[PDB]
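Take a look at the structure below.
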Amino acid sequence: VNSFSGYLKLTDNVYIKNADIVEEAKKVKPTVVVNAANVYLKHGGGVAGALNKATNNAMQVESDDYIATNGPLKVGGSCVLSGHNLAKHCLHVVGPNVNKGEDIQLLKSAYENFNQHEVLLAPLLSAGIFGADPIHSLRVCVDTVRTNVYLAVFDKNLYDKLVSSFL
Ligand SMILES: O=C(O)COc1cccc2ccccc12
């Protein structure tokens, strides 16, 4: 048993809810919250900015020190940092950004990072301002992630569309 509530079960291991991932993280305090990061860990908008804002910029301070030491991530890659006041850990995962011209085939590599964690709270990688088709991102998630993933979909209209089209 775990603490996630009101999710719709899609498969053996994938669950989904219409929820603000920030509000969800604050309530559940999951072991792992996934950030939809970029390779620079510059948390400007979307899930990265919202999460970072909820940490009072501590996520961005930590991230700047990580980049100063290690250099940028790879598209498709990840790193584990603090979850601050939101979670034990934050898994910063870089999905391809279609609005920057990155290869959508890297989305499967991005979701493979989730398999290193038994349970995660996550957004739909490469959806929203990342420019990929969220229906596609949900299908890659289901077909790639084998660990237990709780997907928060911010937009109510998108949530309804994802559920109604899910095979
Ligand atoms: O939750 C959703 O309605 C769809 O996902 C997203 C919405 C807006 C911004 C996003 C940025 C990164 C990844 C997903 C995002």
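Labels used: A, B, ... for chains in the order of the structure tokens, numbers from 1 for residues in each chain, and numbers from 1 for ligands as shown.
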*Name the residues, by chain letter and number, that sit within 9 Å of ligand 1 using only C-alpha atoms and all ligand atoms, and give them as a ChimeraX atom specification.*
/A:18-21,35-37,45-48,95,123-131,134,151-159
*Got a sec: who's within 10 Å of residue 81 (chain A), counting only C-alpha atoms, leaving out chain neighbours fewer than 4 positions off, as number ranges by chain?*
A: 32, 59, 62-63, 66, 88-92
*DSSP-assigned helix (DSSP H, G or I) among region 2-164 of chain A, expressed as a PyMOL selection string*: chain A and resi 21-28+46-54+58-70+98-100+106-116+128-130+134-144+156-164
Please, which residues in region 10-86 of chain A fall within 8 Å of region 141-147 of chain A when counting only C-alpha atoms, and what is the closest atom pair and distance in Å to one decimal for each, ordered by chain then residue number, as CSV?
residue,atom,partner,partner_atom,distance
A:11,CA,A:142,CA,7.5
A:13,CA,A:147,CA,6.2
A:14,CA,A:142,CA,6.5
Filtering to C-alpha atoms, could you give me those residues as a PDB file, in the first residue's frame?
ATOM      1  CA  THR A  11      -2.143  -0.626 -16.142  1.00  0.00           C
ATOM      2  CA  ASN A  13       1.961  -0.137 -12.666  1.00  0.00           C
ATOM      3  CA  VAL A  14       0.735   3.219 -14.177  1.00  0.00           C
TER       4      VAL A  14
END
*Which residue out of A:56, A:148, A:115, A:38 has the minimum interatomic distance to residue 74 (chain A) when only C-alpha atoms are used?*
A:38
*Tell me which of A:80, A:132, A:54, A:119 sits closest to residue 103 (chain A), counting only C-alpha atoms.*
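Once distances to residue 103 (chain A) are computed over only C-alpha atoms, the minimum belongs to A:132.
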*asked:* I'd like the contact shell of residue 2 (chain A) - 10 Å cut-off, only C-alpha atoms, skipping same-chain residues fewer than 2 positions apart - returned as a list in words.
replied: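 Using only C-alpha atoms, the neighbours found are residues 4, 5, 28, 30 and 119 of chain A.
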Selection above as a file: N, CA, C and O atoms, as a short mmCIF file (atom, residue, chain, number, x, y, z; two decimals), in the first residue's frame:
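Final output, saved to out_37.cif:
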data_model
loop_
_atom_site.label_atom_id
_atom_site.label_comp_id
_atom_site.auth_asym_id
_atom_site.auth_seq_id
_atom_site.Cartn_x
_atom_site.Cartn_y
_atom_site.Cartn_z
N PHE A 4 -0.77 7.53 -2.27
CA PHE A 4 -1.40 8.20 -3.45
C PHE A 4 -2.91 7.94 -3.46
O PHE A 4 -3.30 6.77 -3.33
N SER A 5 -3.71 8.98 -3.67
CA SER A 5 -5.19 8.89 -3.57
C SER A 5 -5.89 9.44 -4.81
O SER A 5 -5.48 10.50 -5.32
N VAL A 28 1.51 14.44 -0.39
CA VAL A 28 2.02 13.04 -0.31
C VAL A 28 3.43 12.96 0.27
O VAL A 28 3.76 11.98 0.94
N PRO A 30 6.17 12.26 -1.50
CA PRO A 30 6.60 10.98 -2.03
C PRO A 30 8.11 10.84 -1.84
O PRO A 30 8.82 11.86 -1.68
N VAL A 119 8.87 3.69 -6.81
CA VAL A 119 7.62 4.49 -6.85
C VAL A 119 8.00 5.94 -7.19
O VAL A 119 8.91 6.48 -6.57
#
_Using Å and a single decimal, report how far CA of residue 164 (chain A) sits from CA of residue 6 (chain A)._
17.1 Å
